[PDB]
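The chain below stands alone and is given in structure tokens; this is the form deposited in one PDB entry.
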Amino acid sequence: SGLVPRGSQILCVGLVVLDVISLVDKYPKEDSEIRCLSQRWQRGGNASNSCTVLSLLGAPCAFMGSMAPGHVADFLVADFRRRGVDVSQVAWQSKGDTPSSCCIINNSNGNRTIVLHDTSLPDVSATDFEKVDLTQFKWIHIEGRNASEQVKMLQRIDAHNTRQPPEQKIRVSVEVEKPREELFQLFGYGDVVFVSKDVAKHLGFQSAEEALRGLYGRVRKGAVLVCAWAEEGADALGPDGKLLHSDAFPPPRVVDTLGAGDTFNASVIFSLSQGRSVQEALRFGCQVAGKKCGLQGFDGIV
């Protein structure tokens, strides 16, 4: 670990996983030995994917998540490094395994069959977070997971900010991506709040417009609420009450959708961290995420 200049990095707090994905002709019959058409060993997870996108955009970035030593962590660490991601903030667990999965994509019908391996590795805690020196970060993005612990992380950033001049304040964003009640208290934190179409739909909202208008009362004064709605583009709503929208930039053919949401989030953060307007950041997010949809993985999203 080298010298990191003060206020230089974008930190993403969240999950990492190893997805081994095999493309097959037909679904394997039990007890057989078959040859797949293609196989990919892919690093995944929301905060993890956002870090890859930030590095490709030209931002110094860091990942903070829980990992346990082992073969899976070795591959994942080498993959983060291959993507220029700073792993120095990883919270190494003394017991357990790093999450991984085996996925089979049937070419004949596009069906995804997944076998998850999760040893319920302890999440990043408020005590893990207090030990971090915040000065090297200009932006902190939190993937909503263990809400009561994450609220303490958010309150610690808020206390740091109170004692800083405006140019030295750390910008904060949160993502509420899973429809779990406990996460809904995170709407009340951060400068930028991302709400997924899936959470919006589970809350009974039928469009990005309904979601923003219906959830804006849950956000902090002055915060921007953002909701991507796949092929319908994305919307943002700020304190001025003006609903902002950008149309989608669909690829010629959609090849890979995992994790186009994470590419959108990382692109919005990047553009806002560069001093661009909410409208400009929305458009940039739609452009990059839309481009990612027609590409396998993250190469060439530029």
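Superpose the two forms; the largest set of C-alphas matching within 1.5 Å is the rigid core. Just count from 1 along the sequence shown to find any residue number.
Keep in mind that the form deposited in another entry is missing from the display, and what follows is about it.
Colleague: Following superposition of the rigid core, which of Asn106, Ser125, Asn161, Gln136 is the only residue with a C-alpha displacement of 2 Å or more between the shown form and the other one?
Modeller: Going through each option, the one that shifts is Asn106.
Colleague: With both forms fitted on the core, check whether the Cα of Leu23 differs by 2 Å or more between the shown form and the other one.
Modeller: Passes the 2 Å threshold, so yes.
Colleague: Core-aligned, does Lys242 move its Cα 2 Å or more between the shown form and the other one?
Modeller: Moves: no, less than 2 Å.
Colleague: Once the two forms are fit on the core, has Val255 moved its CA by at least 2 Å between the shown form and the other one?
Modeller: No: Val255 shifts by under 2 Å between the shown form and the other one.
Colleague: I want to verify one pair: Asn107 and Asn49. Are their C-alpha atoms nearer or more distant in the other form compared with the form I supplied, knowing the change is 3 Å or more?
Modeller: Closer is correct, given that in the other form the C-alpha spacing of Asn107 to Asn49 is reduced by at least 3 Å.
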